[PDB]
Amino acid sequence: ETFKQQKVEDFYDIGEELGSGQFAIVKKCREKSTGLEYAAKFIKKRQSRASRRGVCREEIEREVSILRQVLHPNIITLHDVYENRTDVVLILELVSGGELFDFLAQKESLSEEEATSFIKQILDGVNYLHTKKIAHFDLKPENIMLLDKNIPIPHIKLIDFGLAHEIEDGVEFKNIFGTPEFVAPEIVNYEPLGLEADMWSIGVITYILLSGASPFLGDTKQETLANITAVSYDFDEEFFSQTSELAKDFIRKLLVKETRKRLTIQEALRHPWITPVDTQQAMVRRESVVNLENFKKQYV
């Protein structure tokens, strides 16, 4: 294999907890031999086939195999991998700027021009993944972090490749996962999956970024899932009164059930709201404001 069969603490000073998940716990760490800081993701290994605790080795191996391929300014980087009896430790690029949303919710003002630039960083990272036929499958606010939040315009880093999967043509992939608020119809309906699900998720994230409201979120999970499969949502003037038709058009073409009619990552990159084809479109975007009030309300 490739996993270092050594004590990670022999080589890293283990620091304070960054965050935790279902089967992983992530901590700051410093490599003794270089003094360089990283994030150590301790993934609990699954002990038996019929256990809901931890992660089976093959899937961990899958996450690593994917991480080793990815080198891009908007994606986290893999440094090394260790393993003992209980855990597999992913040594990852440390992202210290927290989440993007928490940063935006901190903001005094924010135009669509500023918004689309953050969104383009995300598109840039997703474009690179899709090029290598990699589906993230876990695109959601908390997996969108910032390297350094103490600069005027922070850099985005996509994390958490636990659900990432390489798409092979002819090889049907179906599975049930992800947070209901952000999953595409083909996930809910347990239908063939591909690169398009990422694009739907981008639509949802954009909807929220601009309005503070969530397109399909119901009072209960049953409703959310029903909303998703009916593609039932609206641009409530209460929240969208200042949002530009271009933004709405961008969102509309993402939140589409038929996977084939949904915008690709390249088409998203080339959408006028992201890449204006003239002066006029640029000014409009520059004149549209994000609903920071409602956004703060929902994410506070």
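For every residue, the number given is its place in the sequence shown, counted from 1.
Stretches 152 to 160 and 82 to 90 differ in mean CA B factor, with 82 to 90 having the higher one. Comparing 179 to 187 with 71 to 79, the higher mean C-alpha B-factor in the PDB entry belongs to 71 to 79. Reading the B-factor column for the CA atoms of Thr220, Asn227, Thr116, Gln106 in the entry, the top value corresponds to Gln106.
Which of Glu267, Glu245, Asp234, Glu31 has the largest Cα B-factor in the deposited entry comes down to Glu31. When all modelled residues of the chain are sorted by CA temperature factor, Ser48 is found within the highest third. For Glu63, the recorded CA temperature factor ranks within the highest third of the chain's modelled residues. Ranked within its chain, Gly203 lands in the lowest third, by CA B factor from the PDB record. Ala24: CA B factor in the highest third of modelled residues in this chain (values from the PDB entry). Sort the modelled residues of the chain by CA B factor and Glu112 lands in the lowest third.
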